[PDB]
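The chain that follows stands alone, in the form deposited in one PDB entry, written as structure tokens.
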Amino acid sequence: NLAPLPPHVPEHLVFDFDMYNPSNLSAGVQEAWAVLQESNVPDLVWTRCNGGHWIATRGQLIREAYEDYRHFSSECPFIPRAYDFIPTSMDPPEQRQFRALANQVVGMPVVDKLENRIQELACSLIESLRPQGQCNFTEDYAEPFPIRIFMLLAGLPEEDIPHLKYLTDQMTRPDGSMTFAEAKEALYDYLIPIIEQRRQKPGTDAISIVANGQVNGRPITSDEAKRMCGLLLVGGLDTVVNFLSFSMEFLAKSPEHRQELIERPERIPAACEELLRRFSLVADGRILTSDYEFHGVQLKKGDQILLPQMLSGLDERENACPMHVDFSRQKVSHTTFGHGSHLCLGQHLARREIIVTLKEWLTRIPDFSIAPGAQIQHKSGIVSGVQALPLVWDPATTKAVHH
């Protein structure tokens, strides 16, 4: 149920919100967190669920905290207090350095070069769906898409997907075959030999670049390698799947917006940016490194604070009618990719993945809707998401474009 209030918390601040299971889930997952952005609700509140933690409800305080790395540690970004990826729990000499490395394998220039093959892939995935007049978009496009793209990026064989995809599935959605420990170990088991192999040789692929990286002028350890690769892989899975989904959920609910883009495809940039704001999905936190008064509140050492990336951007103080999707919104503001020293390294890849998805989809399937009489179901978490997206469309009205 709820863990006991610690002595330093004013009752007028309590407000019990289960991030794993919010009251209004049925409304939709954002809408459900937006309860924390009602007027009567304090800017920074405390809930007793999940062990008891804080929660900043407004943009300014969120930004401010990820800016404040000295006070707000990334030792335990997850509520509740398991895992060991690089570079999340690491400080600050090494930190910037590892981030550089990765940025080297997923930065803009890399994405720019890949766009082409990314296009090809989305196109084959859509085409194989196009005739059917329906699908579970979530299972049939969104899930197969980001895994494949990592394979492209890391130059790995298509034939590894099933098993690889199995391991990452176990990390976030165990069926019970493997503990979180086991699925990670096995990930590494599969990775190590390719690292060594490619440390020897030097390729252009993502694993090669990472494998031959210096850190403190010293060569990167194998142990370090598999970890970065590790997060590069799983970091770009659920978030994209899930996000692609909200975005398809809304386009399918809205022919107007769907039209805006069929007519003027150059709007897709800002569009995509605006959906990233509207359907932000990640809810991470940090841990206090010692007592600290913050915006008029006494935080205790060891404390944990949810700092919901989802929130900024839905905060009225930062965008007007935050709940309205306007592709022509002048200033789109969000921390959908986080803030401060840990900002999302994949952020560039992600955008392109979205943008391609959207362009290559609509240019081929202009007309689609939710399957008659299905209630789309959201789930809440560190990464929020969509259970399924049953879609339908008359095939006559599609078009096949080739490569």
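Start at 1 with the first residue shown and count on from there. Between two forms, the rigid core is the largest collection of C-alphas that superpose within 1.5 Å.
Below: the form deposited in another entry, not depicted.
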> Fit the core first: which of 208, 242, 280, 74 then shifts its CA by 2 Å or more between the shown form and the other one?
Replying inline: 208
> Taking the rigid core as reference, does the Cα of residue 306 move 2 Å or more between the shown form and the other one?
Replying inline: no
>> How about residue 136 - superposed on the rigid core, does its CA move between the shown form and the other one by 2 Å or more?
In response: no
> Once you line up the core, how about residue 222: does its CA shift reach 2 Å between the shown form and the other one?
Replying inline: yes
